[PDB]
Amino acid sequence: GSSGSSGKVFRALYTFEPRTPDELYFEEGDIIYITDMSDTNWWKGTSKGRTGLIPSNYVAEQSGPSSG
C-alpha cells in the first residue's frame, strides 16, 4: 500500500507573484508541500496541481495548536 506521509505543509501568508516560469504562483491561504529545502532562499514544492519554486518569505511553517 502506502504508509508514512512525508513533506512539510506551508501556508501562503499572502499572494505571491512569480517572475520566473519555474516559480509557483499561489494565493493568500494556499496549502503548499515543501519537500525540498536545499535552498533556504528558494524552495521547491507543490500546491495547486503544480510543482515549482516558492519563496521562503511569503510562506511559513504552518503553526496553530487549536483545541476547540
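Note: ideal-geometry Cβ built from the backbone for every residue, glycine included; neighbour counts use all protein chains shown. Bear in mind that the values in this text are calculations on the coordinates, not laboratory data.
Of the residues making up region 8-32, those that are under 14 Å from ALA60 (Cβ atoms) and hydroxyl-bearing (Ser, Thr, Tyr) number 1.
The residues of region 17-42 that are under 8 Å from the mean Cα position of the chain (by Cα) and of a type in the set (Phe, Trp, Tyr) amount to a single one, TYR33. For region 8-39, taking the residues that are touching a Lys or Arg at 6+ places or on another chain (Cβ under 6 Å) and hydrophobic (A, V, I, L, M, F, W, C), the one that is farthest from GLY64 (Cα to Cα) is identified as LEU24. Annotation: of all residues in region 1-21 being exposed (fewer than 15 other Cβ atoms within 10 Å of the Cβ) and among the hydrophobic types (A, V, I, L, M, F, W, C), the one that is farthest from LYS44 (Cα to Cα) is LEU13. Residue by residue through region 1-16, note down the ones that are of a type in the set (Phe, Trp, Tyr) and under 8 Å from the mean Cα position of the chain (by Cα). The one that is of a type in the set (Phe, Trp, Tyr) and under 8 Å from the mean Cα position of the chain (by Cα): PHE10.
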